[PDB]
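Working notes, beginning with the structure itself.
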Amino acid sequence: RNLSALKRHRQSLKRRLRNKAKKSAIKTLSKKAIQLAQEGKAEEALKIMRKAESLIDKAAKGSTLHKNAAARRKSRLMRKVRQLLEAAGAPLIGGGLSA
Amino acid sequence: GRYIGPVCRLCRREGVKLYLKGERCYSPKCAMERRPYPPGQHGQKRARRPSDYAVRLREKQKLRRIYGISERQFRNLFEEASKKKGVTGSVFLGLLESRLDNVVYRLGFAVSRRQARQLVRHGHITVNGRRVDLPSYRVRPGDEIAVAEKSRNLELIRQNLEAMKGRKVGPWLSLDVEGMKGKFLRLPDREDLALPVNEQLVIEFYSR
Amino acid sequence: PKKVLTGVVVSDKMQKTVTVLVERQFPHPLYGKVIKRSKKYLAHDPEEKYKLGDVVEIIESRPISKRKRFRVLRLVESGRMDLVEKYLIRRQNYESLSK
Amino acid sequence: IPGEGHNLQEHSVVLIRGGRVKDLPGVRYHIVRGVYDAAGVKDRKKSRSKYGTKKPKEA
Amino acid sequence: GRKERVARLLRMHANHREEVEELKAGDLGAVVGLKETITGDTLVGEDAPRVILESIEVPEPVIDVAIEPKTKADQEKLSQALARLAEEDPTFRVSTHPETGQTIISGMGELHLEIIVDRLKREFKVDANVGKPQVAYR
Amino acid sequence: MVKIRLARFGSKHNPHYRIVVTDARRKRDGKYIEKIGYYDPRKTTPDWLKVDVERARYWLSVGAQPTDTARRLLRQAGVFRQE
RNA sequence: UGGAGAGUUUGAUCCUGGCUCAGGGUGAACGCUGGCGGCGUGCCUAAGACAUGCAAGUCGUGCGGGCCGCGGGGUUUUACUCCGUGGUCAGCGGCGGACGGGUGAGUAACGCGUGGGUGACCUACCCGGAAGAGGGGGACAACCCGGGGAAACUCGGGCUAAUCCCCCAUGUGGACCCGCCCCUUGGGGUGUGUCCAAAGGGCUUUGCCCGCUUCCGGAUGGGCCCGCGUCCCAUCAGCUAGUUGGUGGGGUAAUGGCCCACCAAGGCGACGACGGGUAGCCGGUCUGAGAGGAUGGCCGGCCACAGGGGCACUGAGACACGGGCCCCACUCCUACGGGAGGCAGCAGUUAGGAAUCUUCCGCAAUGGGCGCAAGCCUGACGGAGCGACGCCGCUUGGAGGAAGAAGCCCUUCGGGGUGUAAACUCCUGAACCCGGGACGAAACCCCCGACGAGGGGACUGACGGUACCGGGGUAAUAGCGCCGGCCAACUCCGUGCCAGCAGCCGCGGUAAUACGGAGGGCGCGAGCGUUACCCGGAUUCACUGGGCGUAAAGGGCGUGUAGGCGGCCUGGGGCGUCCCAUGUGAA
Ligand SMILES: [Mg+2]
Ligand SMILES: [Mg+2]
Ligand SMILES: [Mg+2]
Ligand SMILES: [Mg+2]
Ligand SMILES: [Mg+2]
Ligand SMILES: [Mg+2]
Ligand SMILES: [Mg+2]
Ligand SMILES: [Mg+2]
Ligand SMILES: [Mg+2]
Ligand SMILES: [Mg+2]
Ligand SMILES: [Mg+2]
Ligand SMILES: [Mg+2]
Ligand SMILES: [Mg+2]
Ligand SMILES: [Mg+2]
Ligand SMILES: [Mg+2]
Ligand SMILES: [Mg+2]
Ligand SMILES: [Mg+2]
Ligand SMILES: [Mg+2]
Ligand SMILES: [Mg+2]
Ligand SMILES: [Mg+2]
Ligand SMILES: [Mg+2]
Ligand SMILES: [Mg+2]
Ligand SMILES: [Mg+2]
Ligand SMILES: [Mg+2]
Ligand SMILES: [Mg+2]
Ligand SMILES: [Mg+2]
Ligand SMILES: [Mg+2]
Ligand SMILES: [Mg+2]
Ligand SMILES: [Mg+2]
Ligand SMILES: [Mg+2]
Ligand SMILES: [Mg+2]
Ligand SMILES: [Mg+2]
Ligand SMILES: [Mg+2]
Ligand SMILES: [Mg+2]
Ligand SMILES: [Mg+2]
Ligand SMILES: [Mg+2]
Ligand SMILES: [Mg+2]
Ligand SMILES: [Mg+2]
Ligand SMILES: [Mg+2]
Ligand SMILES: [Mg+2]
Ligand SMILES: [Mg+2]
Ligand SMILES: [Mg+2]
Ligand SMILES: [Mg+2]
Ligand SMILES: [Mg+2]
Ligand SMILES: [Mg+2]
Ligand SMILES: [Mg+2]
Ligand SMILES: [Mg+2]
Ligand SMILES: [Mg+2]
Ligand SMILES: [Mg+2]
Ligand SMILES: [Mg+2]
Ligand SMILES: [Mg+2]
Ligand SMILES: [Mg+2]
Ligand SMILES: [Mg+2]
Ligand SMILES: [Mg+2]
Ligand SMILES: [Mg+2]
Ligand SMILES: [Mg+2]
Ligand SMILES: [Mg+2]
Ligand SMILES: [Mg+2]
Ligand SMILES: [Mg+2]
Ligand SMILES: [Mg+2]
Ligand SMILES: [Mg+2]
Ligand SMILES: [Mg+2]
Ligand SMILES: [Mg+2]
Ligand SMILES: [Mg+2]
Ligand SMILES: [Mg+2]
Ligand SMILES: [Mg+2]
Ligand SMILES: [Mg+2]
Ligand SMILES: [Mg+2]
Ligand SMILES: [Mg+2]
Ligand SMILES: [Mg+2]
Ligand SMILES: [Mg+2]
Ligand SMILES: [Mg+2]
Ligand SMILES: [Mg+2]
Ligand SMILES: [Mg+2]
Ligand SMILES: [Mg+2]
Ligand SMILES: [Mg+2]
Ligand SMILES: [Mg+2]
Ligand SMILES: [Mg+2]
Ligand SMILES: [Mg+2]
Ligand SMILES: [Mg+2]
Ligand SMILES: [Mg+2]
Ligand SMILES: [Mg+2]
Ligand SMILES: [Mg+2]
Ligand SMILES: [Zn+2]
């Protein structure tokens, strides 16, 4: 009575579980960086932003995020981090912002 | 199927003299010599002035009953001529005279049209060497309508092919009696066929 | 090519957006009489340089919002308040067609 | 109910055909003879097909 | 005189149903298809001598009762049923009194008409009353 | 991917194909990209197979994959022959 | 290369005007009759409910095992248990289940059609190009044991393999912020900073074959946007709060109020918004002189749906017909504690209806998924079956044959008709019987050659022992409508406003060409009629192509808004219009 598209559903869940866990991280660190960036903490802000960037791009290589999506987040993150920082900041140990 | 039934009975109705019997239709008795009036309990009673419709109907029947054709093939043949480039009047007849069965008769091999039909139909006829048994076959300029082997020695054939000695075939054709062969040279024309029919009228019939 | 239309501005009540009223004629599909119809387009005016009364070229564009799919290309002439008086009257009139 | 004589009762199943009868009011249809419970006309000879009667054999 | 279609043959076993590919002479079975064939009818190859075998019989009913639905709305529901029923049992019959318009249902016995009506309710979802047929006086 | 295959036409008991380039996903006789030639498996005509080697080659150079019998026919029209 | 009209208001007339008919057409149905073949075509109703089988699967050349076969080894037809081969069963992993096929429910909408736009984008597998494929770890099934259970199968612990997962490195390259140059809606270049790659598998062994990673480009397929076009009711006239716009965010591949905050108040409507009714749209099809009208079954395109409703997951692609979750309706199984299902796929059942089929054959071909390949799968498809459902073709015989059998019908009792029709004489020879017997099939593959080109070799047919051919060979089916006028075709009898006919006008009251029968005739013919519907006739919504004094029809009269239309002369522009070229106008 049963087809084997069930294996596909099995695949489904595990993969879902997988990249689900990756997107959380990305959102967390991103938030974490911008939170610090506004708080004036240049160094740790940038430090976390770098980690985020890595996690985003790492998501891009597989079927989780992908391409412009990752490209996009990074820009929004960097765009946000830099702006908030020039609230008397100066980028310490310039993390991931060519400047 | 075709008509398959009293023929002469039609010759009296059309008032004219049809040749749906071959030989007899020359003897002193195509019934057009004896009872030149319409068949039926009446026939020889006063004839009322034909209605405009009765004229065209009777004229159109006149032509169709001459070739044995069904009202379906007749009308179809007609509409094709209409479409065709040129005076549908002539063209129509032309297509009718191009019919295979007809040509066989117009060629001699057969005493009448019905007989020609059966000849063609029984594989006795041959077009360009290959046998054809479809009376409706359209013969084209250049084809060679002939007989076949098991067909030549045949009794009825020799008869019909002997009567052709001397006799000349219409301008648009060219029989070869001693070869039982024959070519369809040219598409005929209004003047070539001495038909007791005013085709102009058939055209008009098919309007309504 | 990007469609380009010419109309007059009849509304500048919105921010960075003007309402351009474009006319057009054409043969009646059945009665052949040339008829005049008209359509209103919301054209993007980011510099807020176009005002009520201008006849302008409108050009097809990347969506700026729901309804705004054109950008003001350039000024054709100015002050045609006459062309607005009409539309306004045509509109004012509606207040007299109900029950 | 077309034809001379019929076999229709207070429960017969009929096949309606459409087509009114000029001298009859709310009569906008004709029962089809020879279908369901409407027998064909008995002894009919001429326009047979219109009265659901089969060709009689010369016995 | 009707062309029938034997879609598939089938043998009735004590527990399941075997679908055989054929049934030869002297054997019994059930066929699926055939929308017209009824009890007693003869079946011959689509060519074979169109003969008409013996058999059938069919005794005449012994008792009659008049039946009428619960609501005029159930009328065709009931009629359609009775008809279907007279098709499976040539011993059961539906008639319409020529004089008094009622429908007379008839069968082989009190018990017979009893399972009929009851069969009409449970299996045909039609509830009908039954009573002694009216009399045509003069 | 895009392909070069036989699209059926003709008629019942009268197969008449059309050598065409289409996406591998269209139905067998659906809309196609371009017609490059025709083919008549029963040689009812001396001219029972034509191909536009020119175009056929063009599409081959751009990814189009020939089905087997489509390959057979093109080979025969001399498309793969570099002389 | 294309246009026919007639009957009916009156004592009679002309006009007006409605009704009616002759034609063509259909996925048809019903009645009568029925021989063949080919090609088409067949649930139009309950988008009702469905027993049963079959409609996607495929890879051991990604990986570890289980059960079996055969063989050789301690020793066995006691191999069990122990290398090694071909299989098999699931599991893990991959690729495809988003194609193909079905349906017309919903939708008047950028849904579709047509032409455009994207500096606002995506595209697995396929081509072309460049550069790589170096290290290090880890888990979960399978499996064994344990626990729950009748079962589906569930739960726990424990190992374990990879092309599964993860970190590190190299960075040809790429992504992002920024500055600069070019360019102009987010495109191209460039610099410092940060950030990102990978699988090994099989052989005739470094040499090949299939895979892996990044980037650039091509092809193909798409998303989104825009102009114009797209039914009836105004006895639906006002509609609008995410409503219209802005700012900033979220979101996606990408624009957008698409979503959310905050600000502003807008946006739409008689050029018909809003509301209600109906409807999938197109290529086309039918009709028509045309202009129009009607239509959208079959076939091709888009779309939409998958018991009703809502939602995400996985993924290059789906908010997914034979995947998932929840709610509703419904149905099935049960050891009564929870299990199962979704034919608008093929075929078939049941229901409804006036009505439309085989639960068939085959993967031989063409096309599709997977695989290096062999090959497997494919109710796509190729065919066969039943149905005059349609169209085309064929047959029921041909030539003789009487002033003309019989019968039957008329009859002025002379005779006339059926009718050369029959009989009858010849001749030909549908069916049938005998022999033979296809095309559609050449390649994948294999061999020389480089796995190239080229040359060469072999396998393969459902339809079918069929089409077709040769040979022999019996004359051997005919029906249905009409016969007052339109309208082609008349007499006798029966009947007596009874029975009936009827599309209209009207026939029937005891000589009825109008009813029923008969003879005879006209029309067609494997058929003919009927009903329903569409266009025609209807110049009868008159754009082509009508009208309003008395036939239907001038608003009771002004004033006037929008709108429609507008004199002479000359210049500018060149939107209308006209012209040419070119693109497009799929099949
Ligand atoms: Mg699988
Ligand atoms: Mg958190
Ligand atoms: Mg905006
Ligand atoms: Mg009628
Ligand atoms: Mg009659
Ligand atoms: Mg009158
Ligand atoms: Mg009139
Ligand atoms: Mg009067
Ligand atoms: Mg009068
Ligand atoms: Mg079929
Ligand atoms: Mg349907
Ligand atoms: Mg199968
Ligand atoms: Mg199968
Ligand atoms: Mg599927
Ligand atoms: Mg599809
Ligand atoms: Mg629909
Ligand atoms: Mg609908
Ligand atoms: Mg609506
Ligand atoms: Mg559009
Ligand atoms: Mg388009
Ligand atoms: Mg994929
Ligand atoms: Mg490449
Ligand atoms: Mg175990
Ligand atoms: Mg565990
Ligand atoms: Mg991988
Ligand atoms: Mg490297
Ligand atoms: Mg680099
Ligand atoms: Mg750099
Ligand atoms: Mg790295
Ligand atoms: Mg590695
Ligand atoms: Mg529109
Ligand atoms: Mg934004
Ligand atoms: Mg954006
Ligand atoms: Mg909104
Ligand atoms: Mg509306
Ligand atoms: Mg509605
Ligand atoms: Mg007209
Ligand atoms: Mg149309
Ligand atoms: Mg359909
Ligand atoms: Mg279609
Ligand atoms: Mg739905
Ligand atoms: Mg359903
Ligand atoms: Mg559901
Ligand atoms: Mg649903
Ligand atoms: Mg995804
Ligand atoms: Mg699916
Ligand atoms: Mg779903
Ligand atoms: Mg969907
Ligand atoms: Mg299904
Ligand atoms: Mg089905
Ligand atoms: Mg029924
Ligand atoms: Mg079929
Ligand atoms: Mg099979
Ligand atoms: Mg196949
Ligand atoms: Mg294949
Ligand atoms: Mg098929
Ligand atoms: Mg004779
Ligand atoms: Mg003989
Ligand atoms: Mg062959
Ligand atoms: Mg060959
Ligand atoms: Mg070699
Ligand atoms: Mg080679
Ligand atoms: Mg070769
Ligand atoms: Mg093969
Ligand atoms: Mg007359
Ligand atoms: Mg009459
Ligand atoms: Mg025919
Ligand atoms: Mg008209
Ligand atoms: Mg006019
Ligand atoms: Mg008038
Ligand atoms: Mg008056
Ligand atoms: Mg008046
Ligand atoms: Mg007045
Ligand atoms: Mg008034
Ligand atoms: Mg004015
Ligand atoms: Mg002027
Ligand atoms: Mg003016
Ligand atoms: Mg001027
Ligand atoms: Mg111009
Ligand atoms: Mg042009
Ligand atoms: Mg042009
Ligand atoms: Mg052109
Ligand atoms: Mg075309
Ligand atoms: Zn004669």
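Would you point out the residue of region E:85-109, among those that are aliphatic (A, V, I, L, M) and away from chain D (no Cβ under 14 Å), that is farthest from residue D:7 (Cα to Cα)?
E:108
Are any residues in region B:158-179 surrounded by 14 or more Cβ atoms within 10 Å (Cβ to Cβ) and under 19 Å from the mean Cα position of the chain (by Cα), and if so, which ones?
Those that are surrounded by 14 or more Cβ atoms within 10 Å (Cβ to Cβ) and under 19 Å from the mean Cα position of the chain (by Cα): B:160, B:161, B:164, B:169, B:170, B:172, B:173, B:174, B:175.
In region B:137-156, how many are charged (D, E, K, R) and free of Cβ contacts under 8 Å to residues at least 24 places away in the same chain?
3
In the list E:126, E:135, E:130, which residue meets the criterion of being of a type in the set (A, V, I, L, M, F, W, C), in contact (Cβ under 8 Å) with a residue 40 or more places away in the chain, away from chain D (no Cβ under 14 Å) and assigned to a loop (DSSP other than H, G, I, E, B)?
None of the others qualify; the one that does is E:126.
Checking residue D:2 against (1) without any contact (Cβ under 8 Å) to a residue 40 or more places away in the chain; (2) away from chain E (no Cβ under 14 Å), which test does it fail?
Residue D:2 satisfies every listed condition except (1).
Out of the residues in region C:27-75 that are within 13 Å of the chain's Cα centre (by Cα) and of a type in the set (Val, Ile, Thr), which is farthest from ligand 2 (Cβ to nearest atom)?
This residue is C:55.
Considering only residues that are within 11 Å of ligand 84 (Cβ to nearest atom) and not in a helix (DSSP H, G or I), look in region B:1-13 and name the one that is farthest from residue B:135 (Cα to Cα). Spell out how you get there, then give the answer.
Quick first cut of region B:1-13, residues within 11 Å of ligand 84 (Cβ to nearest atom) only: B:6-12.
Next, from what is left, pick out any that are not in a helix (DSSP H, G or I): B:6-7.
Numbers: B:6: 21, B:7: 19 Å.
This residue is B:6.
Between B:75, B:106, B:56, B:64, which is under 17 Å from the mean Cα position of the chain (by Cα), over 27 Å from residue B:26 (Cβ atoms) and among the charged types (D, E, K, R)?
Sole residue among the options that is under 17 Å from the mean Cα position of the chain (by Cα), over 27 Å from residue B:26 (Cβ atoms) and among the charged types (D, E, K, R): B:75.
Working carefully through the options A:30, A:54, find the one that is more than 16 Å from ligand 45 (Cβ to nearest atom), without any contact (Cβ under 8 Å) to a residue 12 or more places away in the chain, of a type outside the set (D, E, K, R) and closer than 30 Å to residue A:94 by Cβ.
Sole residue among the options that is more than 16 Å from ligand 45 (Cβ to nearest atom), without any contact (Cβ under 8 Å) to a residue 12 or more places away in the chain, of a type outside the set (D, E, K, R) and closer than 30 Å to residue A:94 by Cβ: A:54.
Please go through region E:64-84 and give me each residue that is within 14 Å of chain D (Cβ to nearest Cβ), of a type in the set (A, V, I, L, M, F, W, C) and surrounded by fewer than 17 Cβ atoms within 10 Å (Cβ to Cβ), ordered by number.
E:83
Among the residues of region F:63-81, write down those that are part of a helix (DSSP H, G or I) and among the small types (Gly, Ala, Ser).
So the first thing to find is which residues in region F:63-81 are part of a helix (DSSP H, G or I), and the list is F:68-76.
Hit for region F:63-81 is F:70, nothing else.
Only strands (runs of 3 or more DSSP E) wholly contained in region C:28-99 count here; list those with 3 or more residues that are loosely packed, with under 12 Cβ neighbours inside 10 Å.
Because the criterion is at least 3 residues that are loosely packed, with under 12 Cβ neighbours inside 10 Å, the strands (runs of 3 or more DSSP E) in region C:28-99 that meet it are C:34-44.
Please go through region B:75-127 and give me each residue that is outside the structural domain of residue B:138 (by CATH) and aromatic (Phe, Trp, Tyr), ordered by number.
Answer for region B:75-127, where residues must be outside the structural domain of residue B:138 (by CATH) and aromatic (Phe, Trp, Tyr): B:78, B:92.
Restricting attention to region D:15-33, which residues are within 16 Å of ligand 5 (Cβ to nearest atom) and not charged (D, E, K, R)? Working first, answer last.
If we filter region D:15-33 for residues that are within 16 Å of ligand 5 (Cβ to nearest atom), which is where we start, we get D:19, D:21-22, D:30, D:33.
Passing the criteria: D:19, D:21, D:30.
Can you work out which of the residues in region D:5-39 that are touching a residue at least 24 places away in the same chain (Cβ under 8 Å) and of a type in the set (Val, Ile, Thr) is farthest from the other protein chains (Cβ to nearest Cβ)?
Of everything passing the filter in region D:5-39, D:31 is farthest from the other protein chains (Cβ to nearest Cβ).
If the Cβ limit is 8 Å and pairs must be 6+ apart or interchain, which residue in region B:9-32 that is in contact (Cβ under 8 Å) with a residue 60 or more places away in the chain and closer than 16 Å to residue B:105 by Cα pairs with which residue that is among the β-branched types (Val, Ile, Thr) and away from ligand 65 (no atom under 16 Å from the Cβ)?
If the second residue must be among the β-branched types (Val, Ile, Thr) and away from ligand 65 (no atom under 16 Å from the Cβ), the pairs left are B:19/B:66; B:20/B:7; B:20/B:66; B:21/B:7; B:22/B:111; B:23/B:111.
Any residue at all in region A:37-45 that is touching a helix residue (DSSP H, G or I) at 6+ places or on another chain (Cβ under 8 Å), assigned to a helix (DSSP H, G or I), away from ligand 2 (no atom under 16 Å from the Cβ) and among the charged types (D, E, K, R)?
Checking region A:37-45: at least one residue is touching a helix residue (DSSP H, G or I) at 6+ places or on another chain (Cβ under 8 Å), assigned to a helix (DSSP H, G or I), away from ligand 2 (no atom under 16 Å from the Cβ) and among the charged types (D, E, K, R).
Basis: the model, the stated rules and, where named, an outside source; no laboratory read-out is quoted. Quick reminder, even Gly has a Cβ in these numbers, built from the backbone with ideal geometry, and neighbours come from all protein chains shown.
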